[PDB]
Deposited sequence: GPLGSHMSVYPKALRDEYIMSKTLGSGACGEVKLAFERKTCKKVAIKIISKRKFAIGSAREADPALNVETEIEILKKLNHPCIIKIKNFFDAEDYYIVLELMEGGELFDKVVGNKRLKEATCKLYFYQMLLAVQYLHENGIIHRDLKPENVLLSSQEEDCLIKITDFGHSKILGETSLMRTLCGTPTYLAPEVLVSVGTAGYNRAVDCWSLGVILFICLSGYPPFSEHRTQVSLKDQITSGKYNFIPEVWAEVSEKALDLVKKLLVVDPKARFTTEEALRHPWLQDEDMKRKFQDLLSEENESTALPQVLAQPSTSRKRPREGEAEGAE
């Protein structure tokens, strides 16, 4: 095969594969577990991923612990013991609605925080949502920022200029510019749909309409049997997220104000989990 870089070996003992690639590792200094993402050599996506993770600071967004640029790229992250949200929804497995809500609330908070900070994720899927423990009441963090974008400066400059020569299509694009972040809200809607129902809104399974046609039409596969079990409030929010027009689509703020999320119990649980995660690092402070 091949060997791990010496600088990596110097600080970590590498262990089992967790997914593929992500490996379990032990930090020598602390004897604590970490996760190490190995990216085969690329530079562009890795450079941005790192610079983004370093600057972001939010409980529902994964933190970077270390970085090694060698034969391959190594990104050292927090270990999320609960693993990927994906494993909870595969094989038509479904989460109970109350659990969906606790996880979705935190997803919303994370994506809201991204957008406030001028970052779009662009590739949000159940496999990029991590769970902090094997308990179903737990914290989630978003990860995998390789496809992210940093927020129209070109257009704005173009607008400050000799309008005389400006091309029609440029002027037309002004109507929609600055709504790229809406793709994350679409992704959140699909993820929420899947968590609630245990099946994807759009797929080629038992249907003759192309996946593409389903998506651009916004006509998701609605199976009343499955959804009978789910509140009308939950379904209403999905509908507002799976809106085809990006300017009309619910923002994270709108989603957070939605009746389905006005749930002080769920919020208390999150706040409880937060404080628990933090006890081990909380210093004393001025009374």
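By the record, the deposited chain contains unmodelled runs at 1 to 6, 27 to 30, 52 to 63, 174, 311 to 329, with no C-alpha atoms placed there.
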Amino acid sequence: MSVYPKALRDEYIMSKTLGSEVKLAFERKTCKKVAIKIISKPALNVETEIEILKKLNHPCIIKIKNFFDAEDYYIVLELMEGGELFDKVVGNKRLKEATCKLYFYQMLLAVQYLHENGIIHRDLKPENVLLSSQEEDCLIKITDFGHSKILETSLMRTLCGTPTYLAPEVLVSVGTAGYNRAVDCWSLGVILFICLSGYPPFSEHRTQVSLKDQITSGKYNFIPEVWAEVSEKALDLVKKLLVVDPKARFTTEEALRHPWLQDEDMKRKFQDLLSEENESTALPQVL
From here on, numbers count along this sequence of modelled residues.
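Under this definition, the rigid core comprises the largest set of C-alpha atoms superposing within 1.5 Å between the forms.
Farther from the shown form on average, by C-alpha root mean square after a core fit in 8 other deposited structures of this protein, is 162 to 170, of the stretches 162 to 170 and 68 to 76.
Looking at 153 to 161 and 112 to 120, the one farther from the shown form in 8 other deposited structures of this protein by average CA distance, after a rigid core fit, turns out to be 153 to 161. Per the compared records, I50 is resolved in all of the other entries whose models span it, so no third of them omit it.
Modelled in this chain, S20 is nonetheless unresolved in at least one third of the other entries of the protein that span it on both sides. The PDB entry reports B-factors from which the mean C-alpha value can be compared for 217 to 225 and 245 to 253; the larger average falls on 217 to 225. 114 to 122 and 135 to 143 differ in mean CA B-factor, and the higher of the two is recorded for 135 to 143.
When the C-alpha B factors of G82, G178, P163, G175 are read from the deposited coordinates, the top value falls at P163. In the PDB entry, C100 places in the middle third of its chain by CA B-factor. The deposited CA B-factor of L171 belongs to the lowest third of values across its chain.
Per the PDB record, residue ranking by Cα B-factor puts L237 in the middle third of the chain. The deposited CA B-factor of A43 belongs to the highest third of values across its chain. Placement of the Cα temperature factor of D184 within the chain: lowest third of the modelled residues, per the deposited record.
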